[PDB]
Structures are given as structure tokens and as C-alpha cells.
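Heads up, entry-v6.txt below (compact mmCIF, C-alpha atoms and all ligand atoms):
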# COMPACT_ATOMS: atom_id res chain seq x y z
CA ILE A 1 0.42 25.66 -13.03
CA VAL A 2 -3.12 24.57 -12.00
CA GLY A 3 -5.11 26.79 -9.65
CA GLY A 4 -2.54 29.70 -9.75
CA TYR A 5 -2.76 33.36 -10.83
CA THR A 6 -1.20 35.32 -13.59
CA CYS A 7 2.08 36.59 -12.07
CA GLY A 8 2.34 39.92 -14.05
CA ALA A 9 5.06 40.71 -16.61
CA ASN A 10 8.61 40.35 -15.15
CA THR A 11 7.44 40.02 -11.62
CA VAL A 12 9.48 36.83 -11.45
CA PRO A 13 12.76 38.08 -12.92
CA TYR A 14 14.89 34.89 -12.39
CA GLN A 15 12.38 32.73 -14.36
CA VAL A 16 13.67 31.41 -17.68
CA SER A 17 12.07 29.45 -20.48
CA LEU A 18 14.10 26.65 -22.09
CA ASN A 19 13.40 26.59 -25.84
CA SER A 20 14.30 24.15 -28.54
CA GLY A 21 11.89 25.44 -31.15
CA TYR A 22 9.22 25.69 -28.49
CA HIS A 23 9.07 26.10 -24.70
CA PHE A 24 9.72 22.75 -23.05
CA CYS A 25 10.79 23.40 -19.43
CA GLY A 26 11.49 26.27 -17.03
CA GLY A 27 14.71 27.06 -15.15
CA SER A 28 16.15 29.73 -12.83
CA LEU A 29 18.87 32.21 -13.38
CA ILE A 30 21.49 31.86 -10.60
CA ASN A 31 24.10 34.32 -12.01
CA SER A 32 24.68 36.19 -15.33
CA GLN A 33 25.96 33.07 -17.07
CA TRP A 34 24.31 30.04 -15.32
CA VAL A 35 20.85 28.48 -15.18
CA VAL A 36 19.67 25.67 -12.91
CA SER A 37 16.95 23.27 -14.21
CA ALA A 38 15.71 19.59 -13.86
CA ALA A 39 18.03 16.98 -15.24
CA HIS A 40 14.89 15.30 -16.80
CA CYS A 41 14.59 18.43 -19.00
CA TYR A 42 18.07 17.72 -20.65
CA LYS A 43 18.24 18.05 -24.46
CA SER A 44 20.86 19.02 -27.06
CA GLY A 45 20.23 22.37 -28.61
CA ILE A 46 18.86 24.55 -25.86
CA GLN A 47 18.25 28.30 -26.13
CA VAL A 48 17.63 30.03 -22.90
CA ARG A 49 14.93 32.77 -22.92
CA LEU A 50 15.15 35.43 -20.22
CA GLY A 51 12.90 38.41 -19.57
CA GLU A 52 9.82 36.54 -20.86
CA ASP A 53 6.18 37.09 -20.02
CA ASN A 54 4.18 36.09 -23.02
CA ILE A 55 6.31 33.36 -24.68
CA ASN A 56 4.52 33.74 -28.11
CA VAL A 57 5.03 37.52 -28.42
CA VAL A 58 8.10 39.76 -28.42
CA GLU A 59 7.27 42.38 -25.88
CA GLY A 60 10.61 44.14 -25.33
CA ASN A 61 12.52 42.76 -22.29
CA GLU A 62 13.70 39.45 -23.77
CA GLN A 63 17.26 38.09 -23.97
CA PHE A 64 17.66 34.94 -26.02
CA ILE A 65 21.03 33.25 -25.41
CA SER A 66 22.17 29.80 -26.54
CA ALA A 67 23.64 27.30 -24.01
CA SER A 68 27.35 26.54 -24.41
CA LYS A 69 27.40 23.57 -22.01
CA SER A 70 24.95 21.48 -20.05
CA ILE A 71 25.94 19.45 -16.99
CA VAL A 72 23.52 16.87 -15.60
CA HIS A 73 24.16 15.81 -11.94
CA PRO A 74 26.63 12.95 -11.67
CA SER A 75 24.11 10.81 -9.89
CA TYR A 76 20.92 11.58 -11.64
CA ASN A 77 18.68 8.51 -11.85
CA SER A 78 16.03 8.88 -14.47
CA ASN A 79 13.94 5.98 -13.22
CA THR A 80 13.59 7.31 -9.70
CA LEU A 81 14.14 10.99 -10.43
CA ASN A 82 16.61 11.07 -7.60
CA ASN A 83 19.16 14.05 -8.03
CA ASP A 84 16.88 15.71 -10.69
CA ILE A 85 19.04 18.77 -11.22
CA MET A 86 21.15 20.15 -14.11
CA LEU A 87 23.31 23.24 -14.74
CA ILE A 88 23.28 25.13 -18.10
CA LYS A 89 26.00 27.65 -19.01
CA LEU A 90 25.10 30.49 -21.36
CA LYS A 91 27.31 31.32 -24.39
CA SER A 92 27.29 34.92 -23.29
CA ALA A 93 26.46 36.67 -19.96
CA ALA A 94 23.00 37.97 -19.44
CA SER A 95 22.46 41.74 -18.82
CA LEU A 96 20.96 41.94 -15.35
CA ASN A 97 18.42 44.69 -14.18
CA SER A 98 15.03 44.88 -12.28
CA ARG A 99 13.26 42.63 -14.82
CA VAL A 100 16.14 40.17 -15.39
CA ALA A 101 17.77 39.21 -12.12
CA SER A 102 19.42 36.17 -10.56
CA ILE A 103 18.03 34.32 -7.53
CA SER A 104 20.25 33.46 -4.54
CA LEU A 105 21.06 30.00 -3.59
CA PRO A 106 20.02 29.04 -0.04
CA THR A 107 22.26 28.89 3.10
CA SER A 108 19.76 26.68 5.01
CA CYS A 109 17.10 24.18 4.01
CA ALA A 110 13.62 25.49 4.37
CA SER A 111 11.15 23.86 6.79
CA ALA A 112 7.67 22.35 6.43
CA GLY A 113 5.27 25.09 6.83
CA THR A 114 7.18 27.72 4.78
CA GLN A 115 5.15 29.35 2.02
CA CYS A 116 6.86 29.37 -1.39
CA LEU A 117 6.23 30.74 -4.87
CA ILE A 118 6.19 28.35 -7.79
CA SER A 119 5.94 29.66 -11.41
CA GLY A 120 5.85 28.41 -14.96
CA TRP A 121 4.22 28.24 -18.36
CA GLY A 122 2.92 24.63 -17.83
CA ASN A 123 -0.56 23.20 -18.28
CA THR A 124 -3.30 24.86 -16.21
CA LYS A 125 -5.78 21.89 -16.20
CA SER A 126 -5.87 18.76 -14.01
CA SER A 127 -7.97 17.05 -16.65
CA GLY A 128 -7.20 17.80 -20.31
CA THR A 129 -4.81 20.49 -21.72
CA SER A 130 -4.51 24.23 -21.94
CA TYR A 131 -1.16 25.91 -21.94
CA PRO A 132 -1.05 29.60 -21.11
CA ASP A 133 1.09 32.02 -23.01
CA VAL A 134 1.83 34.23 -19.98
CA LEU A 135 3.65 33.22 -16.79
CA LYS A 136 1.50 31.70 -13.98
CA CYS A 137 2.24 31.81 -10.23
CA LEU A 138 1.20 29.70 -7.21
CA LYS A 139 1.90 30.23 -3.52
CA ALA A 140 2.16 26.91 -1.67
CA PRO A 141 3.62 25.56 1.62
CA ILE A 142 6.26 23.01 2.04
CA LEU A 143 4.71 19.78 3.46
CA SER A 144 6.22 17.67 6.16
CA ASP A 145 8.29 14.75 5.11
CA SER A 146 5.89 12.32 6.87
CA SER A 147 3.02 13.67 4.84
CA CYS A 148 5.14 13.47 1.76
CA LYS A 149 6.22 9.92 2.30
CA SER A 150 2.71 8.88 3.21
CA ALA A 151 1.56 10.32 -0.20
CA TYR A 152 4.28 8.50 -2.14
CA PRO A 153 5.30 5.43 -0.20
CA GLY A 154 8.75 4.08 -1.26
CA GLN A 155 9.38 7.04 -3.65
CA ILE A 156 10.67 10.01 -1.67
CA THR A 157 14.36 10.36 -1.02
CA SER A 158 16.39 12.83 1.07
CA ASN A 159 16.81 15.03 -2.03
CA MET A 160 13.07 15.59 -2.51
CA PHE A 161 10.34 17.54 -0.73
CA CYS A 162 6.70 17.93 -1.33
CA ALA A 163 4.84 21.11 -1.51
CA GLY A 164 1.33 22.00 -2.25
CA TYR A 165 -2.15 20.98 -1.00
CA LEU A 166 -3.24 17.43 -0.15
CA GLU A 167 -6.75 18.53 -0.97
CA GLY A 168 -5.68 18.93 -4.61
CA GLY A 169 -6.76 21.67 -7.13
CA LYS A 170 -3.52 23.79 -6.91
CA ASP A 171 -0.19 22.32 -8.17
CA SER A 172 2.54 22.63 -10.77
CA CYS A 173 2.07 20.66 -13.97
CA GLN A 174 3.62 19.40 -17.22
CA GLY A 175 5.74 22.13 -18.76
CA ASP A 176 6.46 23.71 -15.40
CA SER A 177 9.28 21.15 -14.88
CA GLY A 178 12.78 22.63 -14.12
CA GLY A 179 11.35 25.89 -12.87
CA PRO A 180 11.82 27.59 -9.51
CA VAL A 181 10.32 27.20 -6.01
CA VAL A 182 11.46 30.27 -4.13
CA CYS A 183 10.97 30.64 -0.38
CA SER A 184 11.96 33.76 1.50
CA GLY A 185 13.81 35.07 -1.58
CA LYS A 186 16.11 31.98 -2.04
CA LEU A 187 15.88 29.09 -4.51
CA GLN A 188 14.66 26.14 -2.52
CA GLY A 189 13.32 23.77 -5.09
CA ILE A 190 13.02 22.62 -8.70
CA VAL A 191 9.74 21.44 -10.26
CA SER A 192 10.54 17.67 -10.58
CA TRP A 193 7.57 15.26 -10.62
CA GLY A 194 4.08 14.38 -9.41
CA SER A 195 1.31 11.88 -10.01
CA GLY A 196 -0.79 13.67 -12.57
CA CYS A 197 -1.49 17.29 -11.47
CA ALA A 198 -3.42 18.88 -8.61
CA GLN A 199 -4.98 15.55 -7.66
CA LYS A 200 -6.11 14.80 -4.12
CA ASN A 201 -3.33 13.31 -1.90
CA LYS A 202 -0.79 13.63 -4.78
CA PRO A 203 1.12 16.92 -4.01
CA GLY A 204 4.03 18.08 -6.24
CA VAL A 205 7.52 16.62 -5.64
CA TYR A 206 10.48 19.09 -5.91
CA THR A 207 14.26 18.68 -5.99
CA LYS A 208 15.76 19.88 -2.61
CA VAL A 209 18.28 22.51 -3.81
CA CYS A 210 19.87 23.08 -0.40
CA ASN A 211 21.51 19.58 -0.77
CA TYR A 212 23.33 20.69 -3.97
CA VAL A 213 24.79 24.11 -3.08
CA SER A 214 28.32 22.77 -2.73
CA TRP A 215 28.00 20.89 -6.02
CA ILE A 216 26.60 23.97 -7.81
CA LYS A 217 29.29 26.27 -6.49
CA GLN A 218 32.16 23.90 -7.29
CA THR A 219 30.85 23.25 -10.74
CA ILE A 220 30.43 26.91 -11.56
CA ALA A 221 33.91 27.80 -10.33
CA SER A 222 35.51 25.23 -12.65
CA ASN A 223 33.48 25.55 -15.80
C1 LIG B 301 7.13 18.47 -16.01
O1 LIG B 301 6.58 19.65 -15.87
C2 LIG B 301 6.47 17.19 -15.44
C3 LIG B 301 5.72 17.38 -14.10
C4 LIG B 301 6.30 18.04 -13.04
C5 LIG B 301 5.54 18.24 -11.87
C6 LIG B 301 4.23 17.78 -11.75
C7 LIG B 301 3.48 17.98 -10.59
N1 LIG B 301 2.25 17.56 -10.58
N2 LIG B 301 3.80 18.89 -9.67
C8 LIG B 301 3.70 17.06 -12.78
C9 LIG B 301 4.44 16.85 -13.95
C10 LIG B 301 7.65 18.24 -17.45
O2 LIG B 301 8.65 17.48 -17.60
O3 LIG B 301 7.11 18.85 -18.41
CA CA B 302 7.98 37.31 -25.16
Can I see the file as C-alpha cells?
Amino acid sequence: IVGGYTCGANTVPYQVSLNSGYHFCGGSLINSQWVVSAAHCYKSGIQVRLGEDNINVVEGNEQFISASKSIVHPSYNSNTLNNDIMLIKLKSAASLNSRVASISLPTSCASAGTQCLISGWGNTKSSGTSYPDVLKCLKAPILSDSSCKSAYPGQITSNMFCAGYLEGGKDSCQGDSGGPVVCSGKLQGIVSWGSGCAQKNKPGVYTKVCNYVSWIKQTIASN
């Protein structure tokens, strides 16, 4: 997250870290046994880490649970990033409280103009590298689809939205991929892609979760 603030320990209780020896992508807890992330984050050998704040220190609220199954969207296209969504089932159910909670899936798609909260452990620099150990937050609006398409001609599909600032300086970034964009207390987006980070006229591009709710629900009921 570039240009964001330090969220505060377990203020974002649905936020997970995906670990394979090291944090590689975020994700969101949607019930006590399922996580939704970016299909471009898929690996073998995931451990999900819940209740995290500092990812390098054991501070007391963590639950570390291995994935039993990962399901990438049927139509994910890794050259265009279209359908950049994946479901991860945990080997055991999480224990849910105030500091480890699930986020609701949306009933409606959120509109341009709505202010959202994006969070992760990604890089905090638009030039060079510096990865934080504690969870970073950013508040950012959803952009209009015209503005989005004019930023990324030929690249945006129906299953994407942009959010952020065309002026640059505040964005999500590498490492923040798969993590949540929550608007009015519902999961609206997934950190998907961008051109660099926090650059001028290159906002972040986010998977549009409200187009997948049927697919999530069906999948969860059958697996
Ligand atoms: C991602 O975090 C890659 C990524 C995602 C989003 C942005 C953006 N500028 N909003 C840049 C890069 C990963 O796969 O690690
Ligand atoms: Ca920790």
C-alpha cells in the first residue's frame, strides 16, 4: 500500500495473509472455512494466516491453518487477468471473534463515487522497495468506468473496476494482490493489477466481486 496509514492491530479482522514460507498475497475471510483471493496468487502449498498484524512476530491472536483445496475460477485468463478470483478452503474452521471475523459478500454492485478501504502488507514505495511488517490501510473511491477505460484503453472488462486517485501517490502495490476492497461493510473488490504503483493516470484495477456471488455461493455449497 503506497500513501496509506497503519491500520492498527486487528482493525481489519477479515484480512488474511497467504504464506508459503513467506507472505506472498492477501485474501479475505468469507466464512469460517473459506478465503477469497486473486487467481494470479495461486500456488501449491498455501498456509492461511488469520489474526495477523505484524507478520514477522507472534503477537497472540494468530490462527495458522493449511488450505485443503484451492479452486481457481473456471474462466481465469492469466494474460488479461480477466476473472482474477480464486477460492481457498481451510483444512479446519477458523475460530471467529472480534479480531477474526468474516466479511459479507455484496447484494449489489457498488457505484463510482463510493469510498472503500483497501489493506495489505504490500510495498509502500512507488519507486524502489520497502515492505512493512504491519498491516497498511488506504481509503479510496471507486472511479467511473469511463475514467477507468480511458486510463487503460483496451484492457478493462466488465469484471474489473478501478479505484484510487488519477493524481497518483496513493494505491495498492505488489504484495497487496488478492486482498480486500471493502465498501460499506461488504467485499466489493480484490486487489488484481495496475501499471506500476501510485503513478499518475494509472489507478489500481480490482476484480468486481459482485459478478461472482452466485459462483462463490454455489462453489462453497458443493465443496
Ligand atoms: C500484486 O500485489 C500485484 C499488483 C497489484 C495491484 C497493483 C496496483 N498498482 N494497484 C500493482 C501490482 C502481486 O501479485 O503481488
Ligand atoms: Ca503475527
Please identify the residues whose atoms come within 6 Å of ligand LIG 301 (chain B), using all atoms listed in the file, and report them as a compact mmCIF listing (two decimals) with C-alpha atoms, in the frame of the given file.
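So selection08.txt came out as:
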# COMPACT_ATOMS: atom_id res chain seq x y z
CA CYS A 25 10.79 23.40 -19.43
CA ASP A 171 -0.19 22.32 -8.17
CA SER A 172 2.54 22.63 -10.77
CA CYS A 173 2.07 20.66 -13.97
CA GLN A 174 3.62 19.40 -17.22
CA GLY A 175 5.74 22.13 -18.76
CA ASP A 176 6.46 23.71 -15.40
CA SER A 177 9.28 21.15 -14.88
CA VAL A 191 9.74 21.44 -10.26
CA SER A 192 10.54 17.67 -10.58
CA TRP A 193 7.57 15.26 -10.62
CA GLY A 194 4.08 14.38 -9.41
CA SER A 195 1.31 11.88 -10.01
CA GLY A 196 -0.79 13.67 -12.57
CA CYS A 197 -1.49 17.29 -11.47
CA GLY A 204 4.03 18.08 -6.24
CA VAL A 205 7.52 16.62 -5.64
Neighbours of point (-1.3, 28.0, -10.2) within 9 Å, using only C-alpha atoms, written as a PyMOL selection string: chain A and resi 1-6+118-120+124+136-139+169-173
Could I get the residue neighbourhood of ligand CA 302 (chain B) at 12 Å, counting all atoms listed in the file, as number ranges by chain? A: 9-10, 16-17, 23, 49-64, 121, 133-135
Within 8 Å of residue 112 of chain A, counting only C-alpha atoms, which residues show up once you throw out same-chain ones fewer than 6 positions away? Write them as a list in words, please.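 With the cut-off at 8 Å, the set is residues 141, 142, 143, 144 and 145 of chain A.
Interatomic distance, atom CA of residue 74 of chain A to atom CA of residue 208 of chain A: 15.8 Å.
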Name the closest residue to residue 21 of chain A among the candidates A:48, A:109, A:182, A:71; distances are taken between atoms, counting only C-alpha atoms.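 Looking at the shortest contact to residue 21 of chain A, the residue is A:48.
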